[PDB]
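J.: Right, I'll just put the structure down here and ask away after.
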Amino acid sequence: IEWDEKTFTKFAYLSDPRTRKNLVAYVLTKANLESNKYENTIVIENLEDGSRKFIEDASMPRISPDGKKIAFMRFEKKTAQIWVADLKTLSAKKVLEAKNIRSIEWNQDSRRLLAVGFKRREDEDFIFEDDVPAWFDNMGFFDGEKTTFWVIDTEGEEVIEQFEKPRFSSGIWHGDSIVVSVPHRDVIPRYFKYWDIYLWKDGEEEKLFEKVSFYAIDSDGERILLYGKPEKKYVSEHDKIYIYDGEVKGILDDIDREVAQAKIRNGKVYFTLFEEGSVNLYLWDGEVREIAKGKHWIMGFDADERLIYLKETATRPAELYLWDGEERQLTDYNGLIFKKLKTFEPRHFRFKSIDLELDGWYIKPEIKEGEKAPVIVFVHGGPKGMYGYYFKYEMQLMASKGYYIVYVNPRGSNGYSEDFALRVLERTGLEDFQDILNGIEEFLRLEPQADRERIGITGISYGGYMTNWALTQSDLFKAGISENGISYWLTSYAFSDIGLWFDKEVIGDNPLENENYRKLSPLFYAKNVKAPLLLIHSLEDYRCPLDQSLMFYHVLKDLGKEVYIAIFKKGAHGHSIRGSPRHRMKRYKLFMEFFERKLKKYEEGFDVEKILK
Amino acid sequence: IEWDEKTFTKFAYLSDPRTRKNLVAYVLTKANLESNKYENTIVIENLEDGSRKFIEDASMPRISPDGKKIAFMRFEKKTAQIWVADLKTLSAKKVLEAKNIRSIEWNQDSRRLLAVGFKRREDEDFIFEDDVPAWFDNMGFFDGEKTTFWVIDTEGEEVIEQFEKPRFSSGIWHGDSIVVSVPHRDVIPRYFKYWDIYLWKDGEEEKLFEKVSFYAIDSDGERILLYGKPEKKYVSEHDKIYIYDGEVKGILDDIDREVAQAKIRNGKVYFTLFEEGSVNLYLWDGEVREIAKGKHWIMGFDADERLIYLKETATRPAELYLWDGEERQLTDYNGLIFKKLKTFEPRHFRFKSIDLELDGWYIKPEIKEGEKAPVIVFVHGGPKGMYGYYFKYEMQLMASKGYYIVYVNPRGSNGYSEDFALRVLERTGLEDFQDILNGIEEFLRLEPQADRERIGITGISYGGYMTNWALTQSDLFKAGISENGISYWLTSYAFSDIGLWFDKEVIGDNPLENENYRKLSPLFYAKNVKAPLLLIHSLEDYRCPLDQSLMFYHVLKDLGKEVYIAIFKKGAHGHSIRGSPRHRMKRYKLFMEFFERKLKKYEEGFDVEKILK
Amino acid sequence: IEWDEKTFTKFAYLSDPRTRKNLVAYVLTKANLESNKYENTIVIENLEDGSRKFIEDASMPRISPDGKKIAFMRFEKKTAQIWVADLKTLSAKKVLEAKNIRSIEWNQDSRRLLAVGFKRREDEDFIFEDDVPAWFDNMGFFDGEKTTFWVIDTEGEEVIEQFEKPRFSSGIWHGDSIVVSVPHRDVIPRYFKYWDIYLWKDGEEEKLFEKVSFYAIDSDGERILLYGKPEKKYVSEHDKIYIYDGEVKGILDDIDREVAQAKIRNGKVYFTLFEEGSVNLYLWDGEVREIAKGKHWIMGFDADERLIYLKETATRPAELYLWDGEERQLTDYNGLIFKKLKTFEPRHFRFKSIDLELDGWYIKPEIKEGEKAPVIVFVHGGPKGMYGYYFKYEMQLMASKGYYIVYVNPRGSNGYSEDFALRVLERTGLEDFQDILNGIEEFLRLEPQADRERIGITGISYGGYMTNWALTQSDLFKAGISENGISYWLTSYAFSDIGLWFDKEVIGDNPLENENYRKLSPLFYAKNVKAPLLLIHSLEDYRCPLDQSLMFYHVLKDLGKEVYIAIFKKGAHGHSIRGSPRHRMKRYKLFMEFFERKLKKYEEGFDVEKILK
Ligand SMILES: [Cl-]
Ligand SMILES: [Cl-]
Ligand SMILES: [Cl-]
Ligand SMILES: [Mg+2]
Ligand SMILES: [Mg+2]
Ligand SMILES: [Mg+2]
Ligand SMILES: [Mg+2]
Ligand SMILES: [Mg+2]
Ligand SMILES: [Mg+2]
Ligand SMILES: [Mg+2]
Ligand SMILES: [Mg+2]
Ligand SMILES: [Mg+2]
Ligand SMILES: [Mg+2]
Ligand SMILES: [Mg+2]
Ligand SMILES: [Mg+2]
Ligand SMILES: [Mg+2]
Ligand SMILES: [Mg+2]
Ligand SMILES: [Mg+2]
């Protein structure tokens, strides 16, 4: 095993942990480069033996409350199928052939499933829209989408109740009722901001909440768990969790950090928080108790009789763990790979920027006492993203190729106070960019072997914006790779999936008259660019549509700049990690070669035919 | 036969007339709604009998100079094939299997073909671009495209010479040499503005012209025919024609009208001009002589021993004609259809607008002396398009459904003086929009049965811009249909295929700082809209990309307006006429029903599922 | 070449002669046993050279009036296609893709075609009927069928007018009008008995005739040719022909024979008559003139500038001939085959039966002066069929295998006086059966080498009835082969396609109370059968449905008789001649082996697995 553009295929990727009784289930995913497909296997472990059994070419494991059965999905006919297996022998029957189903959940009776899906107009030749937005990242054109809710009897194998709601509605069981969360409608739907919440049973409903900034995420049959706030002024405010049983009770009213995920089982709540680069696991049982806190990201968890969770670190993809008073590692899927593959632990540093003290990290490559090394600055997305202790392939890969890697959490990031997150609103490219510069300055001080004359910068999404911006506002950088970014806020407002509300918040109100939409946009400062730039974009990214890269590309070419554009024919906003294996391999090889040829040692041109094959 | 959304399928569509000796060849096209395909048949007529023979599932007829053979193209394997047939018996052999060939032309020897095509990078997963623009309407993503030139021996069936040039190059035979026209390169290629022209033979070339605003279109073996000007300041200047034999000689130096098409055969030049709504055919033989001038559009022509041409009118698709001193109609393909299908001849009117007198037309529907009728205003594209005497399906169709149809040639249109065309530059939405208003005002004066309270407006491309604009600047209109339009000039500049140079000319220089890019853009005046609007767009339109409709749609919805968007999944800028038959049928039915339900008699909503099926 | 069950595949089968000017077209059909398909080739002969050209995998040749073009049909998609070719080079275009088209005819303009076809309900799971009958032989279940009429422009390639009529309507051109013949409706449609005739043009019609017993068959643009009678009491009456130009004029009022086919060209009528075993060709030009009269059947003919016809004989399939004052044979397709294959000319004899003198024929096999030979009696269908001088494969084949063949025209047959035909009505199995017995008795007198102890009998349809009947009413016969017959008239009345009207005529009125329906039915006399019988039936025979064979089979088995049944899975009433080649081969081999094993020399059983392979 060596680091290159294919190494990501050698890892086992775990997701969707579930537990009932003495059993754990989860999904093992492999990127198969030869077939160009992801392969999914459900693994069921019996904590009684450490014994494993399998359900092949399947995902979405849902263990029935009684622990007797497992439901799952399989995906010729472009149709999904819901299956049920007995957990003892894993013999299985097909229950329903289920196109456009997004979720499945058991009722407490271990007989009925709730499935939530969607339906669209589906004309062969044209999409027709009369609501907003017209598209959504990783979903496609809405085409008049409505949400569908089906109650499925797994014994008789029939939809026994069904109903529809507006697009982007969700539903959970609450005993024998269904809690339904629907975006609230004003001039447009208030997506990610306000919901109406209903209690549905037997074809009738009652409204529980009107225009609240939380939605229902879980239930234990007596109490409903709510996620968000009673009322947000900004979508960027920290989401919290509340127990509802008649009265709404905050259980983290005093903790100024955002909840990543949360579940309730038997009146206890298990939850994770974004905290200064980590995603940490806690329990609330009347008080908040630490379960798994460290330099790591708790990516998923479940609890029933046992508590299990997936923990990723800066140098290892997720593995599964069990907590019984102390943490026990359950799986070691990548252990043999990693015995042969060098990894680089980031070094944390603090630095001052303006009025704040912030977190940065860096990775130092294998160099000897007399040598200097080039530097890649990475900028995370969001702006309310967060770097720290998750596994970032490009950083390990570039470190292995002789680069320093440097990255910080500027104001606007998740993982800190709410106020720290909100500082970025209407200030994109201002103090946050200064924080990145100040982090780099401190890093250079700490590492005199870092070659100040060969610093590059890269990022995706907000990180792509900031790469664009950096090359227009500073002469520090020798090369840039900007991916799925922003060059012009006004088109983000009006063209992107979330722009109508999110740009109002992050950039400002009255967008057609607000000067900040030009003032804080890289497009308008294109003349300033002096460093070679690679723009990467994908055709199904509706979060940051194509214009954001292609306009910047054309305008930079109109100004005589050295710029290149790679337009991946498939893929949404997250394609760098969710595209097809072969697509992702080609992106990684482009990324590494652009920095080899423009940053480590500049050479003219970029003959992609030669460089890639 | 009745008028509705399918009637366009009942017509025979003729194109690509060719003549050598006593023979005429042309292509008969049918839109087959059931198969959802266009069918192409070459027809060869012998003017000796009016006898016809056929080459089925074929196009691009090219008769050899000696009149003995015909080359043609056919299109399983996504591959084009070049074939040669003997003209006596039409027995035929396949010569070359020819993906991405755009043109075929015989050498004077009746043995060699010149084929011009293209080649691209072709990676399965990503497009890579390092030139400009990254895409072109009706061509796709360039993906590093180069032009390819092949000399093909039709006897031995081999490419005997080949070479490449930059994208958007063209080539013609000139005796045993090839005249090669290549876009001139400054900071970017000067597309539609400057070319370098070379004379190529046997792998060597000499430059004939450098940075000239014409390219080579034809040759008679002694003289080269050039199209354009020696130097244009604006691409919008009238294109003229010149004979080159050592010296460049203008042959229309005194005629202030633009050439539509031109050919040279035996030192005579045949050409058409855009003239006040007509496209008229002339000959130059030392002086300019009228051949076919009237209320018509000469869509294509060829000349050798005989002169033939295709003539379309306001009420008939093209038919073929021969001129031998007087015009004789040769074909009557749609004669039986039109005996059963009512058509409406437009009435021409003049009107004053500001400082000018302009041409308008209108069609009056079957109404009786006591009734009033709604009105649809059509606006042509361009801005240097031209309405008048070609067959416009929607106008006939809507007239048949009880609507007045009104349309003018505002300043900026083709068909008048050069200065009249150039008036629009930096003034889009200003005097030209006034011309449209003044035309409507005169039409209403002329037709008191026209219901001033039910006037709608529609257009495609620049006509879509002007529909957008009209609904933002006037309260006259009750409904709009805007197709493949412009809402924001700055994104047209930076995102569209031609924007980097064409918007500079039509909107203005320094686009990132020029206030006219906001001042003359409908997007910024969305709050003003009061009339229901249907936006139509297609996903392969790179001339006016999607943002132009979808941004306007989202912003109008953000402002609480009644607006709808139809996004056709396939189709370039011209999809209303070049999309698949079923696609076009669905567009026509949407178009007619939106006006039925919003203009003739307003009703709420637009249930496209119900309205269309 | 030898006689056996495959020999029929070695012949060329000609049909559908057409002539315009100096050209003749016709269809050459081959039975391909290996592919199990019929192959059809149009042959065009130029009487100028005896030169031939071809249109492969095509039929229904229709030469345009101007002689410039030929329309034809071709039949993957279960769709028929209408094509047009230039007759000079035979280059061809597809004009219309034409499922369920039954006929095509040119207008006098050589531009428009009239196509007549049908349309049905077409539900995948069930046929639904509310008219009568529910099915028709060689057509299938009607499923609510209506007749469709399309006028097709072959230039523009469009249906320019269309209309529908009740099932079993027909249409011809009459100049620029269409003459439409529709079955007249009383309690049910009066199929084969009364029609209403209309003149149709441009979507309007006028009734020409009401409830008449003729329909329109041809026109020369001035006069309409009508076929039938002004009023028939019996459908079995001889059909005659009449010219209509305002007045209806009989042109064969004095000739007591039935017209087989007739055409009008330039006010002359060419027609054939059924005459004492021959089908003979005449002309009427004011008087009736003999053209081709002899021991033959004129199977088809056409006339324009030249007169051509297909002539079959007892020993040769049809060949083409031209008449220019004398008959010239044009084709000799089977001439080489027949040089090697022995044939047997029938010997005509007269005999007395009751009150009449009748025609019989027999064929004597190669036997020497001391030997006797078995005898097969063949009975033709109808009852108004006719034996004589057409090519009957089974007779030649059995003669070659050492059998006498004997066959007569009993009363009821075509080819004689009308009264002779009508004698059979209400008398089936009575005097007609006596005529067959008396013919056999005279034949035995004429041929003492005919073995009276080994006489068998066979027939199809009415001939199958009479085979059934003979075995129940006589002890003369040693074996029978009854095919697609009648055993019970009452089920013929109520189940068959034509029974509701035809059985009323041939058997009698008031069928539910008329004793003749039992008295003249073989089923009721099954106990009498002593000779082995093979019943052959086919599953798509709606003229004589399955019950007619299977009931007789079951009842004979219930009575302990030696009987066998072969049920061909496909095939209509005429399957012995129109079934697939392999189907027909297997029938011929069954037929010959049953007589070998039951008639020539009786052996027990019939092991069809062994006997056939
Ligand atoms: Cl079950
Ligand atoms: Cl050749
Ligand atoms: Cl034609
Ligand atoms: Mg692998
Ligand atoms: Mg099942
Ligand atoms: Mg869809
Ligand atoms: Mg949040
Ligand atoms: Mg605060
Ligand atoms: Mg059609
Ligand atoms: Mg070849
Ligand atoms: Mg490609
Ligand atoms: Mg021009
Ligand atoms: Mg001027
Ligand atoms: Mg054969
Ligand atoms: Mg066709
Ligand atoms: Mg059917
Ligand atoms: Mg008859
Ligand atoms: Mg009589």
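Letters A, B, ... go to the chains of the structure tokens in the order shown; residues in each chain start at 1; ligands are counted from 1 in the same order.
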Return as CSV the residues of chain C lying at most 8 Å from ligand 17, together with the closest atom-to-atom pair for each and the distance in Å to one decimal, counting only C-alpha atoms and all ligand atoms, with rows in chain order and ascending residue number.
T.:
residue,atom,partner,partner_atom_place_in_ligand_line,distance
C:228,CA,ligand 17,1 (Mg),7.3
C:235,CA,ligand 17,1 (Mg),6.8
C:236,CA,ligand 17,1 (Mg),5.9
C:237,CA,ligand 17,1 (Mg),6.4
C:238,CA,ligand 17,1 (Mg),5.2
C:239,CA,ligand 17,1 (Mg),4.7
C:258,CA,ligand 17,1 (Mg),6.6
C:259,CA,ligand 17,1 (Mg),7.6
C:260,CA,ligand 17,1 (Mg),7.8
J.: Select all residues from chain A having any atom no more than 6 Å from an atom of chain B (counting only C-alpha atoms, ignoring ligands), output as a PDB file with C-alpha atoms, in the first residue's frame.
T.:
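Output file iface.pdb follows:
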ATOM      1  CA  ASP A 125     -39.216  16.235 -21.687  1.00  0.00           C
ATOM      2  CA  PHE A 126     -39.563  19.086 -19.136  1.00  0.00           C
ATOM      3  CA  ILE A 127     -39.454  19.979 -15.438  1.00  0.00           C
ATOM      4  CA  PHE A 128     -42.203  22.335 -14.334  1.00  0.00           C
ATOM      5  CA  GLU A 129     -41.931  24.438 -11.179  1.00  0.00           C
ATOM      6  CA  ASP A 130     -44.342  26.791  -9.410  1.00  0.00           C
ATOM      7  CA  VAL A 187     -43.962  34.347   0.924  1.00  0.00           C
ATOM      8  CA  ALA A 494     -30.714  33.944  -7.011  1.00  0.00           C
ATOM      9  CA  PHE A 495     -29.535  30.631  -8.564  1.00  0.00           C
ATOM     10  CA  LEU A 512     -30.572  43.420  -5.546  1.00  0.00           C
ATOM     11  CA  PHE A 524     -15.002  41.840  -9.253  1.00  0.00           C
ATOM     12  CA  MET A 551     -17.815  32.877 -14.694  1.00  0.00           C
ATOM     13  CA  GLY A 560      -5.065  37.130 -19.593  1.00  0.00           C
ATOM     14  CA  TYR A 564      -7.786  26.096 -15.835  1.00  0.00           C
ATOM     15  CA  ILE A 565     -11.197  24.480 -15.272  1.00  0.00           C
ATOM     16  CA  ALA A 566     -12.142  20.858 -14.632  1.00  0.00           C
ATOM     17  CA  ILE A 567     -15.911  20.298 -14.946  1.00  0.00           C
ATOM     18  CA  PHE A 568     -16.938  16.892 -13.675  1.00  0.00           C
ATOM     19  CA  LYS A 569     -19.899  15.663 -15.666  1.00  0.00           C
ATOM     20  CA  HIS A 583     -14.386  10.205 -10.787  1.00  0.00           C
TER      21      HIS A 583
END
J.: Do a neighbour search on residue 397 (chain A) at 7 Å with only C-alpha atoms, toss out local chain neighbours closer than 4 positions, and write the hits as a VMD selection string.
T.: chain A and resid 3 to 4 393 401
J.: Contacts of residue 445 (chain B) at 12 Å or less, counting only C-alpha atoms, minus same-chain residues fewer than 6 places along, as a PyMOL selection string?
T.: chain B and resi 349+351+438-439+451-452
J.: Counting only C-alpha atoms and all ligand atoms, name the residues that have an atom within 9 Å of an atom of ligand 8; the answer should be given as a ChimeraX atom specification.
T.: /A:237,417-420,422
J.: Now that the selection is made, can you save its residues with N, CA and C atoms as a PDB file, in the first residue's frame?
T.:
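Dumped everything to again_6.pdb:
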ATOM      1  N   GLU A 237     -27.416  30.128  14.067  1.00  0.00           N
ATOM      2  CA  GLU A 237     -27.441  29.916  15.522  1.00  0.00           C
ATOM      3  C   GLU A 237     -27.237  28.452  15.842  1.00  0.00           C
ATOM      4  N   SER A 417     -18.277  29.266  20.529  1.00  0.00           N
ATOM      5  CA  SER A 417     -19.464  29.952  20.952  1.00  0.00           C
ATOM      6  C   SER A 417     -20.333  30.263  19.769  1.00  0.00           C
ATOM      7  N   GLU A 418     -21.615  30.458  20.036  1.00  0.00           N
ATOM      8  CA  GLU A 418     -22.536  30.922  19.033  1.00  0.00           C
ATOM      9  C   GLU A 418     -22.089  32.270  18.416  1.00  0.00           C
ATOM     10  N   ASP A 419     -21.727  33.207  19.278  1.00  0.00           N
ATOM     11  CA  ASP A 419     -21.287  34.536  18.839  1.00  0.00           C
ATOM     12  C   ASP A 419     -20.108  34.373  17.867  1.00  0.00           C
ATOM     13  N   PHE A 420     -19.196  33.441  18.146  1.00  0.00           N
ATOM     14  CA  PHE A 420     -18.016  33.211  17.235  1.00  0.00           C
ATOM     15  C   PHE A 420     -18.459  32.810  15.866  1.00  0.00           C
ATOM     16  N   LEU A 422     -21.451  33.563  14.525  1.00  0.00           N
ATOM     17  CA  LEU A 422     -22.230  34.651  13.933  1.00  0.00           C
ATOM     18  C   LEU A 422     -21.395  35.838  13.496  1.00  0.00           C
TER      19      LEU A 422
END
